[PDB]
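Source file: target31.cif; contents: mmCIF, C-alpha atoms.
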```
data_protein
loop_
_atom_site.label_atom_id
_atom_site.label_comp_id
_atom_site.auth_asym_id
_atom_site.auth_seq_id
_atom_site.Cartn_x
_atom_site.Cartn_y
_atom_site.Cartn_z
CA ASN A 1 -4.84 -26.39 -4.17
CA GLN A 2 -5.85 -22.89 -3.04
CA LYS A 3 -4.09 -23.74 0.25
CA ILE A 4 -0.81 -24.20 -1.66
CA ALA A 5 -1.41 -21.09 -3.78
CA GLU A 6 -1.94 -18.74 -0.82
CA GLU A 7 1.24 -20.17 0.72
CA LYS A 8 3.32 -19.49 -2.40
CA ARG A 9 1.75 -16.04 -2.80
CA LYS A 10 2.72 -15.04 0.73
CA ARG A 11 6.23 -16.56 0.46
CA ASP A 12 6.81 -14.64 -2.78
CA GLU A 13 5.53 -11.36 -1.32
CA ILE A 14 7.83 -11.85 1.69
CA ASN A 15 10.86 -12.57 -0.48
CA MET A 16 9.94 -9.52 -2.55
CA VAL A 17 10.09 -7.38 0.60
CA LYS A 18 13.42 -9.02 1.44
CA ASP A 19 14.82 -8.17 -2.01
CA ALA A 20 13.51 -4.61 -1.67
CA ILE A 21 15.45 -4.13 1.58
CA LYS A 22 18.59 -5.65 0.04
CA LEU A 23 18.24 -3.36 -2.98
CA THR A 24 17.87 -0.23 -0.86
CA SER A 25 20.88 -1.07 1.33
CA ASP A 26 23.00 -1.76 -1.74
CA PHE A 27 21.67 1.50 -3.16
CA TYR A 28 22.81 3.54 -0.17
CA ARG A 29 26.22 1.83 -0.26
CA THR A 30 26.47 2.66 -3.98
CA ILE A 31 25.57 6.33 -3.43
CA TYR A 32 28.12 6.46 -0.62
CA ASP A 33 30.81 4.97 -2.87
CA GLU A 34 30.42 7.24 -5.91
CA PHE A 35 29.05 10.41 -4.29
CA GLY A 36 30.12 10.30 -0.65
CA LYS A 37 28.82 10.26 2.91
CA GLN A 38 26.68 13.39 2.75
CA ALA A 39 25.00 12.08 -0.42
CA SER A 40 23.91 8.72 0.98
CA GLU A 41 22.79 10.52 4.14
CA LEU A 42 20.71 12.91 2.01
CA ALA A 43 19.12 10.03 0.11
CA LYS A 44 18.33 8.22 3.37
CA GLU A 45 16.76 11.29 4.99
CA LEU A 46 14.69 12.01 1.89
CA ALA A 47 13.43 8.45 1.58
CA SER A 48 12.45 8.65 5.25
CA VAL A 49 10.71 12.01 4.77
CA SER A 50 8.87 10.66 1.73
CA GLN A 51 7.55 7.48 3.35
CA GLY A 52 4.28 8.50 4.94
CA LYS A 53 4.07 11.89 3.29
CA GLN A 54 2.14 13.58 0.49
CA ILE A 55 3.82 15.38 -2.41
CA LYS A 56 3.53 19.15 -2.54
CA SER A 57 1.38 20.71 -5.24
CA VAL A 58 3.19 20.85 -8.59
CA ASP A 59 3.01 24.65 -8.51
CA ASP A 60 5.05 24.69 -5.30
CA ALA A 61 7.46 22.04 -6.60
CA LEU A 62 8.20 24.25 -9.59
CA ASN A 63 8.51 27.51 -7.65
CA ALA A 64 10.91 25.59 -5.41
CA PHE A 65 12.74 23.99 -8.33
CA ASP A 66 13.03 27.28 -10.22
CA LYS A 67 15.15 28.62 -7.35
CA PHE A 68 17.37 25.57 -7.78
CA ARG A 69 17.37 26.01 -11.54
CA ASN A 70 18.68 29.57 -11.15
CA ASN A 71 21.63 29.01 -8.79
CA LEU A 72 22.49 25.96 -10.87
CA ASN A 73 22.59 27.86 -14.14
CA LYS A 74 25.05 30.35 -12.58
CA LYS A 75 27.84 27.75 -12.35
CA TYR A 76 26.91 24.91 -14.73
CA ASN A 77 26.21 25.08 -18.44
CA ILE A 78 24.70 23.10 -21.27
CA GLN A 79 27.75 20.86 -21.80
CA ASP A 80 27.27 19.86 -18.16
CA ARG A 81 23.60 19.09 -18.85
CA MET A 82 24.20 17.19 -22.09
CA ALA A 83 26.51 14.95 -20.05
CA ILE A 84 23.66 13.99 -17.69
CA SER A 85 21.32 13.53 -20.67
CA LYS A 86 23.63 10.94 -22.27
CA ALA A 87 24.01 9.22 -18.89
CA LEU A 88 20.21 8.94 -18.70
CA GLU A 89 20.11 7.54 -22.21
CA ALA A 90 22.23 4.63 -21.00
CA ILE A 91 19.48 3.48 -18.55
CA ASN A 92 18.17 -0.05 -19.01
CA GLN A 93 14.39 0.05 -18.87
CA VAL A 94 13.79 -3.50 -17.64
CA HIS A 95 16.05 -3.19 -14.59
CA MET A 96 14.76 0.33 -13.99
CA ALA A 97 11.21 -1.05 -13.84
CA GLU A 98 12.15 -3.92 -11.51
CA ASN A 99 14.15 -1.62 -9.21
CA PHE A 100 11.26 0.85 -9.28
CA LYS A 101 8.89 -1.90 -8.10
CA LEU A 102 11.30 -2.90 -5.31
CA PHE A 103 12.03 0.66 -4.13
CA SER A 104 8.32 1.45 -4.06
CA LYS A 105 7.75 -1.65 -1.93
CA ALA A 106 10.60 -0.72 0.43
CA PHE A 107 9.18 2.81 0.87
CA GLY A 108 5.68 1.74 1.92
CA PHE A 109 4.03 2.05 -1.50
CA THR A 110 1.20 -0.52 -1.37
CA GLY A 111 -0.10 -0.12 -4.92
CA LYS A 112 0.84 -1.54 -8.30
CA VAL A 113 3.82 -0.04 -10.12
CA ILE A 114 4.23 0.21 -13.90
CA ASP A 115 7.28 0.93 -16.01
CA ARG A 116 7.68 4.71 -16.14
CA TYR A 117 10.63 4.95 -18.49
CA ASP A 118 8.75 7.80 -20.17
CA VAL A 119 9.32 9.96 -17.11
CA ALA A 120 13.04 9.28 -17.61
CA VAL A 121 12.79 10.36 -21.26
CA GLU A 122 11.10 13.54 -20.14
CA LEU A 123 13.99 14.02 -17.69
CA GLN A 124 16.43 13.91 -20.60
CA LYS A 125 14.30 16.43 -22.51
CA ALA A 126 13.96 18.78 -19.53
CA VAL A 127 17.67 18.59 -18.77
CA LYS A 128 18.67 19.54 -22.34
CA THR A 129 15.99 22.28 -22.28
CA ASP A 130 14.94 24.12 -19.13
CA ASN A 131 11.22 23.23 -19.44
CA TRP A 132 10.52 21.07 -16.40
CA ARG A 133 6.77 21.59 -16.18
CA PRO A 134 5.79 18.44 -18.15
CA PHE A 135 8.44 16.52 -16.21
CA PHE A 136 6.90 17.52 -12.89
CA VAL A 137 3.42 16.78 -14.28
CA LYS A 138 4.45 13.23 -15.23
CA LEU A 139 6.23 12.82 -11.89
CA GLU A 140 3.03 13.84 -10.09
CA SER A 141 0.92 11.41 -12.15
CA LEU A 142 3.41 8.75 -11.03
CA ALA A 143 2.53 9.45 -7.35
CA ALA A 144 -0.66 7.56 -6.58
CA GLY A 145 -2.73 9.10 -3.78
CA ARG A 146 -0.06 11.84 -3.92
CA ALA A 147 2.48 9.49 -2.23
CA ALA A 148 6.02 10.85 -2.14
CA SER A 149 7.23 7.26 -1.75
CA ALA A 150 6.52 6.66 -5.45
CA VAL A 151 8.46 9.81 -6.41
CA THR A 152 11.66 8.98 -4.57
CA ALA A 153 11.42 5.29 -5.53
CA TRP A 154 11.40 6.29 -9.20
CA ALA A 155 14.26 8.72 -8.64
CA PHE A 156 16.35 6.02 -6.92
CA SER A 157 15.64 3.53 -9.73
CA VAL A 158 16.92 6.09 -12.28
CA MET A 159 20.08 6.86 -10.35
CA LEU A 160 20.72 3.16 -9.88
CA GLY A 161 20.28 2.66 -13.61
CA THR A 162 23.21 4.80 -14.62
CA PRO A 163 26.26 6.91 -13.49
CA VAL A 164 24.63 10.36 -13.47
CA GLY A 165 27.59 11.91 -11.64
CA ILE A 166 27.29 14.29 -8.68
CA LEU A 167 25.56 16.96 -10.80
CA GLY A 168 22.87 14.66 -12.18
CA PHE A 169 22.42 13.23 -8.70
CA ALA A 170 21.98 16.73 -7.27
CA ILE A 171 19.48 17.65 -9.95
CA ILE A 172 17.31 14.52 -9.52
CA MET A 173 17.41 14.81 -5.73
CA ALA A 174 16.45 18.48 -6.11
CA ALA A 175 13.40 17.72 -8.21
CA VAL A 176 12.38 15.09 -5.64
CA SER A 177 12.86 17.57 -2.81
CA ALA A 178 10.76 20.14 -4.68
CA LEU A 179 7.91 17.61 -4.69
CA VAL A 180 8.49 16.14 -1.22
CA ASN A 181 10.20 18.77 0.98
CA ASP A 182 11.98 21.90 -0.23
CA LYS A 183 14.30 21.71 2.81
CA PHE A 184 16.71 19.22 1.21
CA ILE A 185 17.58 21.55 -1.66
CA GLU A 186 20.02 23.68 0.36
CA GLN A 187 21.97 20.54 1.25
CA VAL A 188 21.71 19.52 -2.40
CA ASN A 189 23.22 22.90 -3.36
CA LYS A 190 26.15 22.37 -0.96
CA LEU A 191 26.86 19.11 -2.80
CA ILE A 192 27.91 21.10 -5.91
CA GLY A 193 29.02 24.47 -4.51
CA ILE A 194 25.49 25.99 -4.60
#
```

I'd like the structure from this file rewritten - as structure tokens, please.
Amino acid sequence: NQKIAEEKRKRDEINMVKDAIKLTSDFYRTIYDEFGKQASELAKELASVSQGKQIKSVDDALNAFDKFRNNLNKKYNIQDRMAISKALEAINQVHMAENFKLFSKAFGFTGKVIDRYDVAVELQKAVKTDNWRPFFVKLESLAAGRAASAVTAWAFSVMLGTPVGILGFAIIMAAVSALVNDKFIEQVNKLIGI
């Protein structure tokens, strides 16, 4: 009955890939619907950039993100951040884990994926405070072989888990860009009036 078992294993892996593609297409339609054209286009470009790429060093991600953190704190305040923190608190951890697994698959991540709700809790902490270092450390540790695909998969799972609103979206995308490619952060800035 190993013959039957290999067959079911391959059929399940195939259908998993199928679900991953369906989830990503629904994700881009979602982002388009609540954030707009430019936002879904940003997410698509960044997921393409991250597939087959290596995260930047955490030092560079933070020096990049600090620039973002400083323009952002010129226009938006701590009420604006607390809003995103409560949005994150509404995430369901089960669905976040499943969607994480599927996004990872869709982005070329070949390894095993575990529930990283703790990185989401750190996100809440680092959005209420301005201490992002442990957040970017945990994010890195999430990225096996330094794969950016894991990073943006996790980000997408979090955004899918909850209405972060354009500002939360911008902030998450900006962290991801800091790890994957600092280029996307100027577009991110545009999305909220720099």

When the PyMOL selection byres ((chain A and resi 100) around 8) is applied to the file above, which residues end up in the set, as a ChimeraX atom specification? /A:96-99,101-104,113,115,153-154,156-157

Given the file shown, determine the residues that the PyMOL selection byres ((chain A and resi 158-162) around 9) selects; report them as a ChimeraX atom specification. /A:27,30-31,87-93,95-96,99-100,117,120,153-157,163-165,168-169,172

Could you expand the PyMOL selection byres ((chain A and resi 173) around 9) into the explicit residues it covers here, written as an MDAnalysis selection string? chainID A and resid 42:43 46 152 155:156 168:172 174:178 184:185 188

Which residue gives the smallest distance to residue A:109 among A:64, A:166, A:55, A:143, with only C-alpha atoms counted? A:143

Surrounding residues of stretch 52-54 of chain A excluding itself and chain neighbours under 3 positions, 7 Å, all atoms listed in the file, as a tab-separated table (two decimals) with C-alpha atoms, in the frame of the given file:
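out-v2.tsv written:
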```tsv
chain	number	residue	atom	x	y	z
A	49	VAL	CA	10.71	12.01	4.77
A	146	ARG	CA	-0.06	11.84	-3.92
A	147	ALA	CA	2.48	9.49	-2.23
A	148	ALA	CA	6.02	10.85	-2.14
```

Give me the residues near residue A:194 as a list in words, where near means some atom within 7 Å (using only C-alpha atoms) and where sequence neighbours in that chain fewer than 3 positions away do not count. residues 71, 72, 189 and 190 of chain A

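Interatomic distance, atom CA of residue A:142 to atom CA of residue A:57: 13.4 Å.
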
Neighbouring residues of residue A:119 were defined as those with any atom within 8 Å, considering all atoms listed in the file; residues of the same chain fewer than 5 positions away were excluded. Please report them as number ranges by chain. A: 135, 138-139

Just checking: using all atoms listed in the file, which residue out of A:193, A:36, A:134, A:145 ends up closest to residue A:56? A:145

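Counting from atom CA of residue A:124, the distance to atom CA of residue A:85 is 4.9 Å.
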
Gap from atom CA of residue A:133 to atom CA of residue A:83 - Å, one decimal: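 Computing it gives 21.2 Å between the two atoms.
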
Pick the closest to residue A:22 from A:136, A:58, A:106, A:111: which is it, counting only C-alpha atoms? A:106
